[PDB]
Amino acid sequence: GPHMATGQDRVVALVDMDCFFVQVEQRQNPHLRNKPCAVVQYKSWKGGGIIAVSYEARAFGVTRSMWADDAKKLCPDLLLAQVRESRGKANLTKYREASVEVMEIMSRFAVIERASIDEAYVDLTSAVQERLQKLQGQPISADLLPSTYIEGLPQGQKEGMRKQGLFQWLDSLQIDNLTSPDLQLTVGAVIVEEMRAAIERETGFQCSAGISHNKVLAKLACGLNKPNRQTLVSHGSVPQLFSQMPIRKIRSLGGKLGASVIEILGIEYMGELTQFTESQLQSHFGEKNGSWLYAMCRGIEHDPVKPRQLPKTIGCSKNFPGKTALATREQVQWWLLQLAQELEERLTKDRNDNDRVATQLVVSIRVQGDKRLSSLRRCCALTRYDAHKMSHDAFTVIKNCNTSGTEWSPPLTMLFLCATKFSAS
DNA sequence: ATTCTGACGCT
Ligand SMILES: Nc1nc2c(ncn2[C@H]2C[C@H](O)[C@@H](COP(=O)(O)NP(=O)(O)OP(=O)(O)O)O2)c(=O)[nH]1
Ligand SMILES: [Mg+2]
Ligand SMILES: [Mg+2]
């Protein structure tokens, strides 16, 4: 009753760019705009692996993790843009720099947690208060929410339903109560519209947004109405929302843990978790997960918006599947050098931009036939931004995996250098 | 033979 907290204290938004790499390519090459198009890596093996698909191409069934040669079978007019290759590997620089454009705009409005290359979380709690005070009891007009969906509304053409649902919501709002959580989400949603307009005016990129009370619901909400739309998931929309929402759709339940929840408990949808006591959930899934499941299926999550705009690591990786696996000493050195040279270029730029230095170098490898994704992971000290030292140090730290009696055995199916443990500079 | 990352938990 009066003492059960409900997790309505914060306003949090999740903003995610629509088909991000495709839009980066469509801004640069106007011929790709408004066409079925995808972004690939490499081109020789089945036309390249697709990692970004425009919404026009998706109408034909083109998805991520698909080979371009297969996508062409579904979509014969599909236009492909290729990630830049450097030193024999894919080079994601253009998208990381495009991401920085976006993150810097978002950060003018509020503190953001960079959650991926194309998405950040936003804590709007303070911005909403400041804004609620400025409005001075003034009602909120649908004109301020031109692209907002209210989840679960209307109740009782797509743009027609959106406006109906928005009118119903706005009509019910108690505008004189500066502490009502629904009012705060609505105001949060006004700011997100502003944030999304500034991103498009200043980058040309379009995006979607989720507006709710915590990071997990904002993320879920963000996908309900992509593309170029934002969605407000209110505390009261949760029971209906979760009653048919598959467990796997919730961030962090998409894998094994969500599968064990499904299998142990004999359930399918998020809302079914509410029938289990916290202790029961803790008993099956641990004290942390259990507490987090007991609260999450009621729409409650306390994970904070971390004030972190920059990555914590900087990493370079290349897979070597199949017969291309590295089998010689010279080969493993040349690719450590290729990896280290990109890492160095990235690091020197990070130091100059962000006033910091990485202090630890992590080397990860895979050998052929090793079931695991990493056959080994070892760290050494990262004392100089010198590619030749880093690659040499990576070799020193993995050379005892070779079993050869100049040859390399087992052949390596993955090299991976990561710079970590940043310190101010 | 999607590949290339990046966060964060567990022990
Ligand atoms: N190298 C690599 N890049 C990837 C991979 N997956 C995605 N990317 C790249 C390409 C993606 O643009 C971006 C991740 O953004 P998302 O939210 O996952 N997808 P998007 O923005 O395309 O579509 P929408 O958000 O509208 O659903 O990173 C991958 O496995 N590998
Ligand atoms: Mg995206
Ligand atoms: Mg994303």
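So that the names make sense, note that chain A is the first sequence line, chain B the second, and so on, each numbered from 1.
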- Message: Is there a side-chain contact between A:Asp303 and A:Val216 in this structure, where contact means two heavy atoms from C-beta onward sitting under 4.5 Å apart?
- Response: no

- Message: I need the single residue from A:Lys89, A:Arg84, A:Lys318 that forms a salt bridge (charged side-chain N to carboxylate O under 4.0 Å, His left out) with A:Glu342. Which is it?
- Response: A:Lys89

- Message: Quick check on contacts: within residues 302-314 of chain A, what sits under 4.0 Å from DNA chain B by heavy-atom distance?
- Response: A:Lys306, A:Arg308, A:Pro311, A:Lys312, A:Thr313, A:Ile314

- Message: Please pick, from B:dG6, B:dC10, B:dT3, the nucleotide with the shortest atom-to-atom distance to any side-chain atom of A:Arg346.
- Response: B:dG6

- Item | Spacing between A:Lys421 atom NZ and B:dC8 atom P, to the nearest angstrom | 13 Å

- Spacing between A:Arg251 atom CZ and B:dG9 atom P, to the nearest angstrom: 11 Å

- Item | Protein-nucleotide distance (A:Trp335, atom CH2; B:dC4, atom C1'), rounded to Å | 13 Å

- Message: From CG of A:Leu253 over to P of B:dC8, roughly how many Å is that when rounded to an integer?
- Response: 17 Å

- Task: Check every strand shown and say whether A:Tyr42 touches a base, only sugar-phosphate, or nothing at a heavy-atom separation below 4.0 Å.
- Result: sugar-phosphate

- Note on the structure: Here the distance between atom P of B:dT3 and atom NZ of A:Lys43, to the nearest Å, is 15 Å

- So which one's nearest nucleotide on DNA chain B is more toward 5', A:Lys318 or A:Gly322? A:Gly322

- Message: From the set B:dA1, B:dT5, B:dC4, return the single nucleotide nearest to any side-chain atom of A:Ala90.
- Response: B:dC4

- For A:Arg114 and for A:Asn289, find the nucleotide of DNA chain B with the closest heavy atom, then tell me which residue's nucleotide is more 5'. A:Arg114

- Item | Whether A:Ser99 side chain and A:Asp118 backbone form a donor-acceptor pair below 3.5 Å | no

- Are side-chain heavy atoms of A:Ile365 and A:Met414 found at a separation under 4.5 Å? no

